[PDB]
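S.K.: Sharing a structure below in structure tokens format, with a few things to ask.
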Amino acid sequence: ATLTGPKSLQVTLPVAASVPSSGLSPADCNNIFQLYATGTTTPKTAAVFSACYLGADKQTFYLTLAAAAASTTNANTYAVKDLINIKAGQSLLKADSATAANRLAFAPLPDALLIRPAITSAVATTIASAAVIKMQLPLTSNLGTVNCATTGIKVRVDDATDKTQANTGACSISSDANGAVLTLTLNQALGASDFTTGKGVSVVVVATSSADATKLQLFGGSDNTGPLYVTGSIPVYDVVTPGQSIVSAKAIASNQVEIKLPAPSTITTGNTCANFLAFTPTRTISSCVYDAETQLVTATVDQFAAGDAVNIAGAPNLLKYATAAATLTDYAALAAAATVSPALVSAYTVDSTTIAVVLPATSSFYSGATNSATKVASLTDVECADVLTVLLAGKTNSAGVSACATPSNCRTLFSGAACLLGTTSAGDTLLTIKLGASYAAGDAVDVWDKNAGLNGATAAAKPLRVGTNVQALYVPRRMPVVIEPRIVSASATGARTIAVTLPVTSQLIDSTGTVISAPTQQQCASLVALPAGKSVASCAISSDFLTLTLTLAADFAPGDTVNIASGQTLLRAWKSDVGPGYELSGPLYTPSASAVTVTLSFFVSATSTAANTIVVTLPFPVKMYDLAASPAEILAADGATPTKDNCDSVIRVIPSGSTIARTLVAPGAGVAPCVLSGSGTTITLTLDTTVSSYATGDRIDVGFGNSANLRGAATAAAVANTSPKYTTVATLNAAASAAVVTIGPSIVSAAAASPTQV
């Protein structure tokens, strides 16, 4: 465990783990961890945490405290020398194994754990001649010795060189009852470009000790009885000749921007972010939210457009950063404003081989990195491997490197044109990618540093931009995206039953951990939003866990539509074995942008009336059409009737036992493969007797998808060229569908031989 800031805490775990995926309330993380007063075993009773969340890599935890860390005993907040343990009998944090029983809840240590403070930040307040670096500490702290050495504390530039230091007096402290600051002095000058090329400047604590000399000595509280500090590395930002008064800004939404400050900040009373920020062009700021400390600001803005920039307002006494024990100093504007860079917004499912990613501004690809490049509408996977990466659960990118250098960490990509966005004339805000494998619950997507050339990488030969071929390139986000699943299609089967395909294995799960066996009439009405006036009662899931059905309480009609209700509590993504977790919280399907219309997949009956004639009765009228962007119209003429391919593409007759289709009679004088009755409820099929003839057990089915379609509606008058249509099948001879129906034989004719014989 580590206390990283005045109100921040952090916990590590041995193996990958999981938590309620909807997030934990303040009442929840007071029921996972506890803080002991030093030297006792009765844990603190009051509420000591106020927020919580688990890091992406499933091996770090983040906590927030009710009040700032105390230098003396406090009954309601972290007091120096405290310990942390796991509350007995808890079930909110469980491991991952890929086997059902091996998801055991984290259990208490037999002994409590002592927390350890760490350094927070570092800003250079002098760079000409001997540079000076100042750091914020998380509480009252003290320095064992003032003579620092390189082997204890460093300052490194671009992971290639190290700066020299003075033998004695190279460090100092300034502390009171409510905070501390630490200073390191150098003996060389830091060039202005040292903070821009490559990885910049960072302070490295190589070693720390309680008695040794070459290792930095630093402790919490007032004296040496307090805990020892920890190793680590911190970034260093220039604020003296301002080059990093703002580190960076990124566009996480079309109406939110995230500007990152280089150190914790304080705001003067009766003031807001509408005061201490500026844009170019100018934008209105309507709201703000500050994280635990004040180092990140998210602002609600009216618009984001390419070419934007940010800066700190010129009015003094607005935004301050601590430089001494009880001293604050004001930020200063930049010579050139920070350029806002774009980033991905969100992602959702389309099917099992493709996904989509929402964008905050028009963007396009380019043929090169020069200022004469031209737009391209796609990339081959070799090139599109230099822009983004699709990550399996628990995987993340690193500084200047990708997780896909080891192929197991990332999904594969279709061997060919894999990246698609925009055209050769303009950009777009929706991006689509083709995978060489299927989507597994828990996938993410992000941009890595080879695109913009950040952190010592190399810029790609074919980059993605927001705007023209000179405007800002896309930059990585802080955490990977959380691709969301949603239903795929809603073909409606016979007369009281819908069937909704799902992109990945799923199941209902109750509000307290069980998997619902009997849905109960009350809880099936609240799964799905339907058109007003029709109530669902009874629902279920398929044996394969890839379909939900619904027994409507009244007869079904065309035009009805199904969408996932907003805020529903039960239906989740799930497979009893594949996916680690439960309803602890989180996975709960979400509505579609548009209610999905339900197609048609069921006939009513069928009869045989010859060796080469079959009748198929339908539930709702229908009219034939064409696959063009606008379906054309009904049957044309008694001669040259819908050609063989047309009927072949809307219906089929299938032998029992095998699925090889019989050949319909070729068009000719009075010979029409399929004749659609004027009523619209019947279609007749005449086979070809030179290839095969009717045989028992033959089944009717929907047809291929070459050149035709069938669109029906409530009444013949109501039919139009946009109406709900009938589904089709993948190949000429395929694996049947849920529309198959058996043929019942019957008469061909009769003829009397005598007065009492027929």
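Throughout, read-outs are computed from the coordinates displayed, never taken from laboratory work. Virtual Cβ from ideal backbone geometry, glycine too; neighbours counted across all protein chains shown.
S.K.: Gain in length, residue 350 to residue 114, computed as 0.36 nm per residue apart minus the alpha-carbon separation, to one decimal in nm? Walk me through the intermediate numbers first.
M.R.: Numbers: separation 236, 0.36 × 236 = 84.96 nm, distance 4.81 nm.
Using 0.36 nm per residue and subtracting the Cα-Cα distance, I get 80.2 nm.
S.K.: Within the set of other residues whose C-beta is less than 13 Å from the C-beta of residue 300, count the net charge using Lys and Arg as +1 and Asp and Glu as -1. Mind dumping the intermediate values first?
M.R.: Numbers: positive: 283; negative: 258, 302.
Around residue 300, the surrounding residues sum to -1.
S.K.: Quickly work out the residue 757-to-residue 369 label distance, labels modelled 7 Å from Cα along the C-beta direction, and quote it in nm with one decimal.
M.R.: 9.8
S.K.: If you don't mind, another one. Going by how many other beta carbons lie within 10 Å of each one, how would you line up 50, 265, 517, 97, fewest first? Spell out each step's value before the answer.
M.R.: On the way: 50 16, 265 20, 517 9, 97 13.
Taking fewest neighbouring Cβ atoms as first place, the list is 517, 97, 50, 265.
S.K.: Where does each of 739-749, 191-201, 647-657 land if you order them by average Cβ count within 10 Å, highest first?
M.R.: Values: 739-749: 12.8, 191-201: 15.6, 647-657: 20.4.
Order by mean packing, descending: 647-657, 191-201, 739-749.
S.K.: Amide H of residue 156 versus every other amide H placed in the peptide plane: which residues, excluding those fewer than 5 positions away on the same chain, fall under 5 Å?
M.R.: Result for residue 156 returns 202, 204.
S.K.: Per residue of the range 23-38, in order, report the coupling 6.51 cos²θ - 1.76 cosθ + 1.60 (Karplus, θ = phi - 60°) as ³J(HN,Hα) in whole Hz, putting x for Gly and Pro.
M.R.: x, 10, 6, x, 5, 7, 7, 7, 10, 10, 10, 9, 10, 9, 5, 4
S.K.: Taking a ≥ b ≥ c as the square roots of the eigenvalues of the Cα gyration tensor of the chain, is the shape rounded (a/c under 1.5), prolate (a/b larger than b/c) or oblate? Intermediate results must be reported in sequence, preceding the final value.
M.R.: On the way: a/c = 3.06, a/b = 2.14, b/c = 1.43.
Here the chain falls in the prolate category.
S.K.: Want the number for residue 401 to residue 183: 0.36 nm per residue separation, take away the alpha-carbon distance, what's left?
M.R.: Working: separation 218, 0.36 × 218 = 78.48 nm, distance 3.22 nm.
Separation in residues times 0.36 nm, less the Cα-Cα distance, equals 75.3 nm.
S.K.: Continuing with this model, one more query. Could you give the distance between the Cα centres of the range 508-578 and the range 714-751, to the whole Å?
M.R.: So the two Cα centres are separated by 28 Å.
S.K.: Going by how many other Cβ atoms sit within 10 Å of their own, how do 479, 624, 135 line up, fewest first? Numbers along the way, then the final one.
M.R.: Working: 479 12, 624 23, 135 19.
Arranged by neighbour count, lowest to highest, 479, 624, 135 become 479, 135, 624.
S.K.: Quick one: which residues, 5+ away or cross-chain, put their amide H under 5 Å from the amide H of residue 257? H built at 1.01 Å from N.
M.R.: Here the answer is 299, 301, since their amide H atoms fall under 5 Å of that of residue 257.
S.K.: In a solvent-free Debye calculation with one equal scatterer on each Cα, what is log10 I(q)/I(0) for the range 196-346 at q = 0.09, 0.16 Å⁻¹, listed in the order of the q values?
M.R.: -0.38, -0.96
S.K.: Another question, then. Read phi for every residue in the range 365-381 and hand back ³J(HN,Hα) as whole Hz from Karplus 6.51 cos²θ - 1.76 cosθ + 1.60, θ = phi - 60°, with x for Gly and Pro.
M.R.: 8, 9, 6, x, 9, 7, 8, 10, 6, 10, 5, 10, 8, 7, 9, 7, 4
S.K.: Magnitude of the Cβ-charge dipole of the chain, K/R +1 and D/E -1, about the Cα centre, nearest 20 debye? If you can, show how the numbers build up before the last one.
M.R.: Working: 39 positive and 42 negative charges, 89 e Å.
Dipole magnitude for the chain comes out near 420 debye.
S.K.: Show me, for the range 738-751, the HN-Hα J-couplings you get by feeding each phi into the Karplus relation (A = 6.51, B = -1.76, C = 1.60, θ = phi - 60°), rounded to Hz, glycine and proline as x.
M.R.: Couplings: 6, 9, 4, 9, 8, 9, x, x, 6, 5, 10, 5, 8, 6 Hz.
S.K.: Cβ under 12 Å from residue 564's Cβ, residue 564 left aside: what net charge do those residues give with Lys, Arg +1 and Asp, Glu -1?
M.R.: Net charge around residue 564: +1.
S.K.: Also, I was wondering about something else. Sequence-distant or interchain residues sharing an amide H contact under 5 Å with residue 25, placed H: which?
M.R.: none
S.K.: How many angstrom lie between the C-alpha centres of the range 255-309 and the range 661-709?
M.R.: Cα centres, the range 255-309 to the range 661-709: 68 Å.
S.K.: Cross-link list 7/87; 58/575; 58/375; 395/725: which exceed 32 angstrom alpha carbon to alpha carbon?
M.R.: Numbers: 7/87 21 Å; 58/575 20 Å; 58/375 40 Å; 395/725 42 Å.
Listed pairs above 32 Å: 58/375; 395/725.
S.K.: In whole angstrom, note down how far apart the Cα centers of the range 428-497 and the range 373-422 are.
M.R.: Value for the Cα centre distance between the two parts: 9 Å.
S.K.: Is any residue of the range 623-660 close enough, with backbone N under 18 Å, to a label point placed 7 angstrom from the Cα of residue 693 along the Cα-Cβ axis, and if so, which?
M.R.: Of the residues in the range 623-660, 654-656 have backbone N under 18 Å from the label point off residue 693.
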